[PDB]
Every structure is written in structure tokens, then in C-alpha cells.
$ cat coords32.cif   # mmCIF, N, CA and C atoms
data_data
#
loop_
_atom_site.label_atom_id
_atom_site.label_comp_id
_atom_site.auth_asym_id
_atom_site.auth_seq_id
_atom_site.Cartn_x
_atom_site.Cartn_y
_atom_site.Cartn_z
N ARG A 13 -55.89 -23.57 -20.04
CA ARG A 13 -56.11 -23.44 -21.51
C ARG A 13 -55.33 -22.24 -22.07
N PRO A 14 -55.24 -22.15 -23.41
CA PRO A 14 -54.72 -20.90 -23.96
C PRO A 14 -55.75 -19.80 -23.59
N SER A 15 -55.23 -18.62 -23.22
CA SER A 15 -56.09 -17.47 -23.01
C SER A 15 -55.39 -16.14 -23.29
N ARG A 16 -56.18 -15.18 -23.77
CA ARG A 16 -55.79 -13.74 -23.83
C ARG A 16 -56.83 -12.91 -23.08
N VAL A 17 -57.57 -13.55 -22.16
CA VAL A 17 -58.52 -12.76 -21.34
C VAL A 17 -57.81 -11.87 -20.34
N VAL A 18 -58.30 -10.62 -20.23
CA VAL A 18 -57.72 -9.65 -19.27
C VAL A 18 -58.47 -9.73 -17.95
N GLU A 19 -57.81 -9.98 -16.83
CA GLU A 19 -58.45 -9.97 -15.47
C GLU A 19 -58.47 -8.53 -14.97
N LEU A 20 -59.69 -8.01 -14.85
CA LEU A 20 -59.88 -6.66 -14.30
C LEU A 20 -59.96 -6.58 -12.85
N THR A 21 -59.66 -5.37 -12.37
CA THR A 21 -59.91 -5.02 -10.98
C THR A 21 -60.70 -3.71 -10.92
N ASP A 22 -61.08 -3.32 -9.73
CA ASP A 22 -61.81 -2.07 -9.65
C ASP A 22 -60.90 -0.90 -10.13
N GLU A 23 -59.57 -1.03 -9.96
CA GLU A 23 -58.69 0.10 -10.43
C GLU A 23 -58.51 0.15 -11.89
N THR A 24 -58.48 -1.03 -12.56
CA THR A 24 -58.23 -1.03 -13.95
C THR A 24 -59.46 -1.10 -14.84
N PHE A 25 -60.67 -1.25 -14.23
CA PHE A 25 -61.86 -1.52 -15.04
C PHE A 25 -62.12 -0.46 -16.08
N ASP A 26 -62.20 0.83 -15.67
CA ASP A 26 -62.55 1.81 -16.72
C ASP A 26 -61.47 1.95 -17.77
N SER A 27 -60.20 1.89 -17.34
CA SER A 27 -59.13 2.13 -18.33
C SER A 27 -59.16 1.09 -19.45
N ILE A 28 -59.59 -0.14 -19.13
CA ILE A 28 -59.61 -1.19 -20.16
C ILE A 28 -60.98 -1.22 -20.85
N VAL A 29 -62.06 -1.24 -20.06
CA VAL A 29 -63.37 -1.44 -20.66
C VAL A 29 -63.87 -0.22 -21.41
N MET A 30 -63.57 0.99 -20.89
CA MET A 30 -64.14 2.18 -21.49
C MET A 30 -63.19 2.78 -22.54
N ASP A 31 -62.15 2.06 -22.88
CA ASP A 31 -61.22 2.54 -23.90
C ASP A 31 -61.96 2.70 -25.25
N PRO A 32 -61.91 3.91 -25.85
CA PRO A 32 -62.66 4.11 -27.06
C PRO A 32 -62.08 3.50 -28.29
N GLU A 33 -60.88 2.95 -28.18
CA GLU A 33 -60.35 2.19 -29.34
C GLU A 33 -60.63 0.72 -29.30
N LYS A 34 -61.27 0.25 -28.22
CA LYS A 34 -61.49 -1.19 -28.05
C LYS A 34 -62.95 -1.54 -27.95
N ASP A 35 -63.27 -2.73 -28.45
CA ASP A 35 -64.57 -3.34 -28.23
C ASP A 35 -64.36 -4.42 -27.14
N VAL A 36 -64.92 -4.19 -25.96
CA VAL A 36 -64.50 -4.98 -24.79
C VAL A 36 -65.67 -5.86 -24.31
N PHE A 37 -65.52 -7.18 -24.37
CA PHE A 37 -66.65 -8.03 -23.89
C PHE A 37 -66.27 -8.51 -22.50
N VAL A 38 -67.08 -8.06 -21.51
CA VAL A 38 -66.79 -8.32 -20.07
C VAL A 38 -67.62 -9.48 -19.58
N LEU A 39 -66.96 -10.45 -18.96
CA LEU A 39 -67.65 -11.52 -18.19
C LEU A 39 -67.55 -11.13 -16.71
N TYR A 40 -68.72 -10.94 -16.09
CA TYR A 40 -68.75 -10.78 -14.60
C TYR A 40 -69.09 -12.15 -14.03
N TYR A 41 -68.19 -12.67 -13.16
CA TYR A 41 -68.36 -14.04 -12.64
C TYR A 41 -68.13 -14.07 -11.15
N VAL A 42 -68.56 -15.20 -10.56
CA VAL A 42 -68.14 -15.53 -9.17
C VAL A 42 -67.46 -16.87 -9.23
N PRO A 43 -66.32 -17.01 -8.59
CA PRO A 43 -65.50 -18.19 -8.94
C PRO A 43 -66.02 -19.46 -8.39
N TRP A 44 -66.84 -19.40 -7.34
CA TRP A 44 -67.31 -20.68 -6.67
C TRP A 44 -68.54 -21.28 -7.29
N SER A 45 -69.01 -20.68 -8.33
CA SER A 45 -70.14 -21.25 -9.06
C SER A 45 -69.65 -22.10 -10.29
N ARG A 46 -70.21 -23.34 -10.45
CA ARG A 46 -69.97 -24.09 -11.73
C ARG A 46 -70.37 -23.34 -13.01
N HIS A 47 -71.46 -22.64 -13.02
CA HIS A 47 -71.84 -21.89 -14.22
C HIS A 47 -70.84 -20.83 -14.58
N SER A 48 -70.34 -20.12 -13.56
CA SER A 48 -69.26 -19.13 -13.83
C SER A 48 -67.96 -19.78 -14.25
N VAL A 49 -67.59 -20.85 -13.66
CA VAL A 49 -66.45 -21.65 -14.21
C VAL A 49 -66.55 -22.04 -15.70
N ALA A 50 -67.73 -22.51 -16.05
CA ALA A 50 -67.99 -22.78 -17.46
C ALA A 50 -67.83 -21.53 -18.30
N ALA A 51 -68.39 -20.41 -17.81
CA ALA A 51 -68.32 -19.18 -18.56
C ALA A 51 -66.83 -18.71 -18.63
N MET A 52 -66.02 -18.97 -17.59
CA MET A 52 -64.59 -18.62 -17.69
C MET A 52 -63.87 -19.35 -18.82
N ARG A 53 -64.11 -20.66 -18.93
CA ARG A 53 -63.54 -21.42 -20.04
C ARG A 53 -64.00 -20.87 -21.43
N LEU A 54 -65.28 -20.59 -21.52
CA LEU A 54 -65.83 -20.02 -22.77
C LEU A 54 -65.07 -18.71 -23.07
N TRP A 55 -64.84 -17.91 -22.03
CA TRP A 55 -64.15 -16.64 -22.29
C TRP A 55 -62.68 -16.82 -22.76
N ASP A 56 -61.99 -17.80 -22.22
CA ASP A 56 -60.65 -18.13 -22.71
C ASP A 56 -60.76 -18.46 -24.21
N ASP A 57 -61.71 -19.34 -24.52
CA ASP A 57 -61.84 -19.76 -25.93
C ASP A 57 -62.27 -18.58 -26.84
N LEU A 58 -63.14 -17.71 -26.34
CA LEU A 58 -63.53 -16.52 -27.09
C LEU A 58 -62.30 -15.63 -27.36
N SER A 59 -61.47 -15.41 -26.36
CA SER A 59 -60.27 -14.58 -26.55
C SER A 59 -59.33 -15.11 -27.66
N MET A 60 -59.18 -16.42 -27.69
CA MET A 60 -58.36 -17.04 -28.72
C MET A 60 -59.04 -17.00 -30.10
N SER A 61 -60.36 -17.26 -30.12
CA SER A 61 -61.06 -17.20 -31.40
C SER A 61 -60.96 -15.80 -32.00
N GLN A 62 -61.19 -14.80 -31.16
CA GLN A 62 -61.20 -13.43 -31.66
C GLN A 62 -59.79 -12.94 -32.06
N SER A 63 -58.77 -13.57 -31.46
CA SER A 63 -57.39 -13.18 -31.78
C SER A 63 -57.02 -13.55 -33.22
N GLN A 64 -57.79 -14.46 -33.79
CA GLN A 64 -57.53 -14.93 -35.18
C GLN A 64 -58.51 -14.36 -36.21
N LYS A 65 -59.35 -13.41 -35.81
CA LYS A 65 -60.35 -12.85 -36.70
C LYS A 65 -59.99 -11.45 -37.04
N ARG A 66 -60.73 -10.88 -37.97
CA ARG A 66 -60.34 -9.60 -38.53
C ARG A 66 -60.27 -8.48 -37.51
N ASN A 67 -61.06 -8.50 -36.46
CA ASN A 67 -61.06 -7.46 -35.42
C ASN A 67 -60.10 -7.67 -34.28
N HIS A 68 -59.11 -8.52 -34.49
CA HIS A 68 -58.22 -8.91 -33.37
C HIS A 68 -57.47 -7.77 -32.74
N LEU A 69 -57.31 -6.64 -33.41
CA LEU A 69 -56.48 -5.58 -32.79
C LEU A 69 -57.37 -4.72 -31.91
N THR A 70 -58.70 -4.79 -32.04
CA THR A 70 -59.59 -3.93 -31.27
C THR A 70 -60.37 -4.73 -30.24
N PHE A 71 -60.58 -6.02 -30.45
CA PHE A 71 -61.40 -6.79 -29.55
C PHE A 71 -60.62 -7.18 -28.32
N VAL A 72 -61.28 -7.04 -27.17
CA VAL A 72 -60.65 -7.54 -25.89
C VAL A 72 -61.72 -8.35 -25.17
N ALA A 73 -61.35 -9.54 -24.68
CA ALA A 73 -62.21 -10.30 -23.76
C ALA A 73 -61.63 -10.05 -22.40
N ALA A 74 -62.49 -9.56 -21.47
CA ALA A 74 -62.05 -9.25 -20.11
C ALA A 74 -63.00 -9.87 -19.11
N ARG A 75 -62.57 -10.09 -17.86
CA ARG A 75 -63.47 -10.65 -16.84
C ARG A 75 -63.15 -10.02 -15.52
N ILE A 76 -64.15 -10.04 -14.65
CA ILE A 76 -63.92 -9.53 -13.27
C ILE A 76 -64.70 -10.40 -12.28
N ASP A 77 -64.03 -10.67 -11.16
CA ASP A 77 -64.58 -11.43 -10.06
C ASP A 77 -65.50 -10.57 -9.20
N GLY A 78 -66.81 -10.75 -9.29
CA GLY A 78 -67.74 -9.95 -8.57
C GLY A 78 -67.70 -10.20 -7.07
N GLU A 79 -67.12 -11.33 -6.60
CA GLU A 79 -67.00 -11.53 -5.14
C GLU A 79 -65.87 -10.63 -4.63
N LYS A 80 -64.80 -10.52 -5.43
CA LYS A 80 -63.64 -9.75 -5.00
C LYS A 80 -63.87 -8.23 -5.21
N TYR A 81 -64.71 -7.84 -6.21
CA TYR A 81 -64.95 -6.45 -6.56
C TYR A 81 -66.45 -6.12 -6.56
N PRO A 82 -67.12 -6.18 -5.41
CA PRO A 82 -68.52 -5.88 -5.36
C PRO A 82 -68.82 -4.43 -5.67
N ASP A 83 -67.82 -3.52 -5.46
CA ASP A 83 -67.94 -2.16 -5.94
C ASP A 83 -68.28 -2.05 -7.42
N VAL A 84 -67.56 -2.80 -8.26
CA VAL A 84 -67.80 -2.75 -9.68
C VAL A 84 -69.18 -3.31 -9.99
N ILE A 85 -69.54 -4.41 -9.35
CA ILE A 85 -70.89 -5.03 -9.61
C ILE A 85 -71.97 -4.01 -9.32
N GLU A 86 -71.83 -3.26 -8.24
CA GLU A 86 -72.79 -2.20 -7.93
C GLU A 86 -72.79 -1.06 -8.96
N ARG A 87 -71.63 -0.56 -9.30
CA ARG A 87 -71.48 0.57 -10.24
C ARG A 87 -72.00 0.19 -11.64
N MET A 88 -71.75 -1.06 -12.07
CA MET A 88 -72.13 -1.49 -13.41
C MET A 88 -73.54 -2.13 -13.41
N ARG A 89 -74.20 -2.17 -12.27
CA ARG A 89 -75.59 -2.67 -12.22
C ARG A 89 -75.70 -4.09 -12.76
N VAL A 90 -74.83 -4.95 -12.22
CA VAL A 90 -74.93 -6.39 -12.51
C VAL A 90 -75.72 -7.07 -11.37
N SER A 91 -76.68 -7.92 -11.73
CA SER A 91 -77.59 -8.45 -10.73
C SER A 91 -77.51 -9.97 -10.57
N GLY A 92 -76.56 -10.58 -11.24
CA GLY A 92 -76.42 -12.04 -11.11
C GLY A 92 -75.25 -12.44 -11.97
N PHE A 93 -74.92 -13.74 -11.92
CA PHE A 93 -73.74 -14.24 -12.56
C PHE A 93 -74.08 -15.54 -13.27
N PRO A 94 -73.42 -15.87 -14.39
CA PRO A 94 -72.46 -14.96 -15.08
C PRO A 94 -73.31 -13.94 -15.84
N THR A 95 -72.68 -12.75 -16.01
CA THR A 95 -73.25 -11.69 -16.89
C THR A 95 -72.20 -11.34 -17.88
N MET A 96 -72.63 -11.18 -19.14
CA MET A 96 -71.70 -10.90 -20.26
C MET A 96 -72.25 -9.71 -21.02
N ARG A 97 -71.46 -8.63 -21.01
CA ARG A 97 -71.87 -7.39 -21.64
C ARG A 97 -70.75 -6.85 -22.53
N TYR A 98 -71.14 -6.35 -23.68
CA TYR A 98 -70.15 -5.93 -24.76
C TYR A 98 -70.17 -4.41 -24.91
N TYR A 99 -69.08 -3.83 -24.50
CA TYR A 99 -68.89 -2.33 -24.44
C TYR A 99 -68.08 -1.98 -25.68
N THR A 100 -68.80 -1.64 -26.74
CA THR A 100 -68.12 -1.41 -28.04
C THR A 100 -67.48 -0.01 -28.08
N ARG A 101 -66.69 0.20 -29.13
CA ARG A 101 -65.89 1.43 -29.24
C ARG A 101 -66.75 2.60 -28.93
N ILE A 102 -67.91 2.66 -29.58
CA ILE A 102 -68.76 3.81 -29.42
C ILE A 102 -69.83 3.64 -28.32
N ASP A 103 -70.16 2.43 -28.03
CA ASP A 103 -71.26 2.15 -27.07
C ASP A 103 -70.74 1.66 -25.71
N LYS A 104 -70.29 2.63 -24.89
CA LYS A 104 -69.75 2.33 -23.58
C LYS A 104 -70.83 2.39 -22.52
N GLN A 105 -71.86 3.20 -22.72
CA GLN A 105 -72.91 3.45 -21.70
C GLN A 105 -74.18 2.61 -21.81
N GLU A 106 -74.37 1.92 -22.95
CA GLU A 106 -75.57 1.08 -23.13
C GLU A 106 -75.10 -0.23 -23.79
N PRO A 107 -74.16 -0.94 -23.14
CA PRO A 107 -73.54 -2.15 -23.72
C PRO A 107 -74.56 -3.16 -24.14
N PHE A 108 -74.16 -4.01 -25.09
CA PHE A 108 -75.03 -5.12 -25.47
C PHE A 108 -74.90 -6.28 -24.49
N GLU A 109 -76.04 -6.74 -23.96
CA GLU A 109 -76.05 -7.85 -23.05
C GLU A 109 -76.24 -9.15 -23.81
N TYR A 110 -75.37 -10.14 -23.57
CA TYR A 110 -75.52 -11.44 -24.18
C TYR A 110 -76.33 -12.33 -23.27
N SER A 111 -77.47 -12.79 -23.77
CA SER A 111 -78.33 -13.68 -23.03
C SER A 111 -78.56 -15.00 -23.74
N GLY A 112 -77.78 -15.32 -24.76
CA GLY A 112 -77.98 -16.54 -25.52
C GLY A 112 -77.24 -17.72 -24.90
N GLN A 113 -77.28 -18.81 -25.59
CA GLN A 113 -76.63 -20.00 -25.05
C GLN A 113 -75.09 -19.81 -25.04
N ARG A 114 -74.43 -20.45 -24.06
CA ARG A 114 -73.06 -20.18 -23.79
C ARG A 114 -72.08 -21.08 -24.51
N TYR A 115 -72.08 -20.95 -25.85
CA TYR A 115 -71.18 -21.77 -26.66
C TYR A 115 -70.44 -20.85 -27.62
N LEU A 116 -69.23 -21.28 -27.94
CA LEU A 116 -68.30 -20.32 -28.64
C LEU A 116 -68.89 -19.80 -29.93
N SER A 117 -69.42 -20.68 -30.75
CA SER A 117 -69.91 -20.21 -32.06
C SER A 117 -70.98 -19.11 -31.93
N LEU A 118 -71.86 -19.27 -30.96
CA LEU A 118 -72.95 -18.31 -30.77
C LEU A 118 -72.39 -16.99 -30.20
N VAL A 119 -71.38 -17.05 -29.29
CA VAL A 119 -70.83 -15.82 -28.77
C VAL A 119 -70.03 -15.11 -29.83
N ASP A 120 -69.27 -15.88 -30.65
CA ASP A 120 -68.56 -15.23 -31.78
C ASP A 120 -69.54 -14.55 -32.74
N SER A 121 -70.68 -15.19 -33.06
CA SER A 121 -71.64 -14.56 -33.93
C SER A 121 -72.26 -13.29 -33.29
N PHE A 122 -72.56 -13.30 -32.00
CA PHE A 122 -73.03 -12.07 -31.37
C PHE A 122 -71.96 -10.97 -31.46
N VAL A 123 -70.67 -11.30 -31.25
CA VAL A 123 -69.67 -10.30 -31.43
C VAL A 123 -69.73 -9.69 -32.82
N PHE A 124 -69.76 -10.55 -33.86
CA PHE A 124 -69.76 -10.04 -35.20
C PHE A 124 -71.00 -9.17 -35.43
N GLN A 125 -72.18 -9.57 -35.01
CA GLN A 125 -73.36 -8.78 -35.27
C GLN A 125 -73.41 -7.43 -34.59
N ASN A 126 -72.78 -7.36 -33.40
CA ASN A 126 -72.90 -6.14 -32.58
C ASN A 126 -71.67 -5.26 -32.65
N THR A 127 -70.66 -5.59 -33.46
CA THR A 127 -69.52 -4.74 -33.55
C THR A 127 -69.82 -3.69 -34.68
#
$ encode --input "coords32.cif" --output "C-alpha cells"
Amino acid sequence: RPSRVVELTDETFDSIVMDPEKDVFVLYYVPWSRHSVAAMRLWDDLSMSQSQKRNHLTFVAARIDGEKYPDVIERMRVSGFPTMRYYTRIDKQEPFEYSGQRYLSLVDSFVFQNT
């Protein structure tokens, strides 16, 4: 699909997610799960939707493979997959957790409400 999602690693995670000029919505996934696959597609679509909205220069959709980077899953206190947390410009230490249904319109509305 079209995507502008950034694939993180343990080396690049803080530089992208904790950037104070960006509002960064992170998907933590494991690739062998169908639910995480679904969430990956949603994240591609979220990246494209946000690229056409007013916050396109500050919003970043990013993802990290928790099987490949269990260090990050431990450091960020993620306890299952998929997990979606929004690390806004000012709120890097108490990100907003998305627990709603996994459809683009609802995730776009959570972005707008929490930015």
C-alpha cells in the first residue's frame, strides 16, 4: 500500500519518537500475528491520511517490531500487541494510549483530539 510509516529500531527509537517537534504515534507489533498485520495496514493508511491534514509537517506514524526489539518493549513498558501510543510534542513521558476500535476514522479522530 502507500505508506509514510517510519520503521523504528532500538537505535533510532528515541531520536524519532522523543523529538519535541513531532507528534509521533507508535504501533508496537509482532509480525506473525493477524491482529498486528491488520494494525500495520491501518498504520499505513493513518500515515497517508495524516499527510493530507493540517498537522502533516509535525505528525509521524511510526512502528516497531517487538519480536526483533524486545529491549524497546521492556523499556517502553508494552505488555501485549498491537499497542498504539501517541507521544505528542510536549507529552513524551505519559503518551496517550489508543484502546478504541481499529479503523481509520476513529484513529484519525483520536489524533485530532489528543494533539
$ axis_aligned_box --input "coords32.cif" --around "region 51-63 of chain A" --padding-each-side "6 Å" --output "lines of an AutoDock Vina configuration file"
center_x = -62.7
center_y = -17.2
center_z = -25.4
size_x = 23.4
size_y = 20.5
size_z = 27.6
$ residues_around --input "coords32.cif" --residues "region 34-39 of chain A" --least-positions-apart "6" --cutoff "5 Å" --atoms "only N, CA and C atoms" --output "tab-separated table (two decimals) with N, CA and C atoms, in the coordinates of the input"
chain	number	residue	atom	x	y	z
A	70	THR	N	-58.70	-4.79	-32.04
A	70	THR	CA	-59.59	-3.93	-31.27
A	70	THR	C	-60.37	-4.73	-30.24
A	71	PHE	N	-60.58	-6.02	-30.45
A	71	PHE	CA	-61.40	-6.79	-29.55
A	71	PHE	C	-60.62	-7.18	-28.32
A	72	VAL	N	-61.28	-7.04	-27.17
A	72	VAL	CA	-60.65	-7.54	-25.89
A	72	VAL	C	-61.72	-8.35	-25.17
A	73	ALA	N	-61.35	-9.54	-24.68
A	73	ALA	CA	-62.21	-10.30	-23.76
A	73	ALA	C	-61.63	-10.05	-22.40
A	74	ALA	N	-62.49	-9.56	-21.47
A	74	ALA	CA	-62.05	-9.25	-20.11
A	74	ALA	C	-63.00	-9.87	-19.11
A	75	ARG	N	-62.57	-10.09	-17.86
A	75	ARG	CA	-63.47	-10.65	-16.84
A	75	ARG	C	-63.15	-10.02	-15.52
A	76	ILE	N	-64.15	-10.04	-14.65
A	76	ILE	CA	-63.92	-9.53	-13.27
A	76	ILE	C	-64.70	-10.40	-12.28
A	95	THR	N	-72.68	-12.75	-16.01
A	95	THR	CA	-73.25	-11.69	-16.89
A	95	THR	C	-72.20	-11.34	-17.88
A	96	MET	N	-72.63	-11.18	-19.14
A	96	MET	CA	-71.70	-10.90	-20.26
A	96	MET	C	-72.25	-9.71	-21.02
A	97	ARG	N	-71.46	-8.63	-21.01
A	97	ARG	CA	-71.87	-7.39	-21.64
A	97	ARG	C	-70.75	-6.85	-22.53
A	98	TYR	N	-71.14	-6.35	-23.68
A	98	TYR	CA	-70.15	-5.93	-24.76
A	98	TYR	C	-70.17	-4.41	-24.91
A	99	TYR	N	-69.08	-3.83	-24.50
A	99	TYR	CA	-68.89	-2.33	-24.44
A	99	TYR	C	-68.08	-1.98	-25.68
A	100	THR	N	-68.80	-1.64	-26.74
A	100	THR	CA	-68.12	-1.41	-28.04
A	100	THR	C	-67.48	-0.01	-28.08
A	101	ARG	N	-66.69	0.20	-29.13
A	101	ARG	CA	-65.89	1.43	-29.24
A	101	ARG	C	-66.75	2.60	-28.93
$ closest_residue --input "coords32.cif" --among "A:104, A:114, A:66, A:53" --to "residue 15 (chain A)" --atoms "only C-alpha atoms"
A:53
$ closest_residue --input "coords32.cif" --among "A:102, A:113, A:57, A:91" --to "residue 32 (chain A)" --atoms "only C-alpha atoms"
A:102
$ atom_distance --input "coords32.cif" --atom1 "CA of residue 86 (chain A)" --atom2 "CA of residue 42 (chain A)"
14.2 Å
$ select_by_dssp --input "coords32.cif" --residues "region 13-82 of chain A" --states "strand (DSSP E or B)" --output "MDAnalysis selection string"
chainID A and resid 18:19 35:41 71:77
$ write_last_selection --input "coords32.cif" --atoms "N, CA and C atoms" --output "CSV table (one decimal), in the frame of the given file"
chain,number,residue,atom,x,y,z
A,18,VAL,N,-58.3,-10.6,-20.2
A,18,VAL,CA,-57.7,-9.6,-19.3
A,18,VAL,C,-58.5,-9.7,-18.0
A,19,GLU,N,-57.8,-10.0,-16.8
A,19,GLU,CA,-58.4,-10.0,-15.5
A,19,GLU,C,-58.5,-8.5,-15.0
A,35,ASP,N,-63.3,-2.7,-28.4
A,35,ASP,CA,-64.6,-3.3,-28.2
A,35,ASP,C,-64.4,-4.4,-27.1
A,36,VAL,N,-64.9,-4.2,-26.0
A,36,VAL,CA,-64.5,-5.0,-24.8
A,36,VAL,C,-65.7,-5.9,-24.3
A,37,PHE,N,-65.5,-7.2,-24.4
A,37,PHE,CA,-66.6,-8.0,-23.9
A,37,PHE,C,-66.3,-8.5,-22.5
A,38,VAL,N,-67.1,-8.1,-21.5
A,38,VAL,CA,-66.8,-8.3,-20.1
A,38,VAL,C,-67.6,-9.5,-19.6
A,39,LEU,N,-67.0,-10.4,-19.0
A,39,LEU,CA,-67.6,-11.5,-18.2
A,39,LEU,C,-67.6,-11.1,-16.7
A,40,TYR,N,-68.7,-10.9,-16.1
A,40,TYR,CA,-68.8,-10.8,-14.6
A,40,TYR,C,-69.1,-12.2,-14.0
A,41,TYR,N,-68.2,-12.7,-13.2
A,41,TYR,CA,-68.4,-14.0,-12.6
A,41,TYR,C,-68.1,-14.1,-11.2
A,71,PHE,N,-60.6,-6.0,-30.4
A,71,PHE,CA,-61.4,-6.8,-29.6
A,71,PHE,C,-60.6,-7.2,-28.3
A,72,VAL,N,-61.3,-7.0,-27.2
A,72,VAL,CA,-60.6,-7.5,-25.9
A,72,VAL,C,-61.7,-8.4,-25.2
A,73,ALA,N,-61.4,-9.5,-24.7
A,73,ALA,CA,-62.2,-10.3,-23.8
A,73,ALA,C,-61.6,-10.0,-22.4
A,74,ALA,N,-62.5,-9.6,-21.5
A,74,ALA,CA,-62.0,-9.2,-20.1
A,74,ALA,C,-63.0,-9.9,-19.1
A,75,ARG,N,-62.6,-10.1,-17.9
A,75,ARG,CA,-63.5,-10.6,-16.8
A,75,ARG,C,-63.2,-10.0,-15.5
A,76,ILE,N,-64.2,-10.0,-14.6
A,76,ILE,CA,-63.9,-9.5,-13.3
A,76,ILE,C,-64.7,-10.4,-12.3
A,77,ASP,N,-64.0,-10.7,-11.2
A,77,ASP,CA,-64.6,-11.4,-10.1
A,77,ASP,C,-65.5,-10.6,-9.2
$ atom_distance --input "coords32.cif" --atom1 "atom C of residue 33 (chain A)" --atom2 "atom C of residue 17 (chain A)"
15.7 Å
$ atom_distance --input "coords32.cif" --atom1 "CA of residue 127 (chain A)" --atom2 "CA of residue 30 (chain A)"
14.9 Å
$ resolve_selection --input "coords32.cif" --expression "the PyMOL selection byres ((chain A and resi 115-121) around 8)" --output "list in words"
residues 54, 55, 57, 58, 61, 62, 110, 112, 113, 114, 122, 123, 124, 125, 126 and 127 of chain A
$ resolve_selection --input "coords32.cif" --expression "the PyMOL selection byres ((chain A and resi 78) around 6.5)" --output "list in words"
residues 40, 41, 42, 43, 76, 77, 79, 80, 81, 82 and 85 of chain A
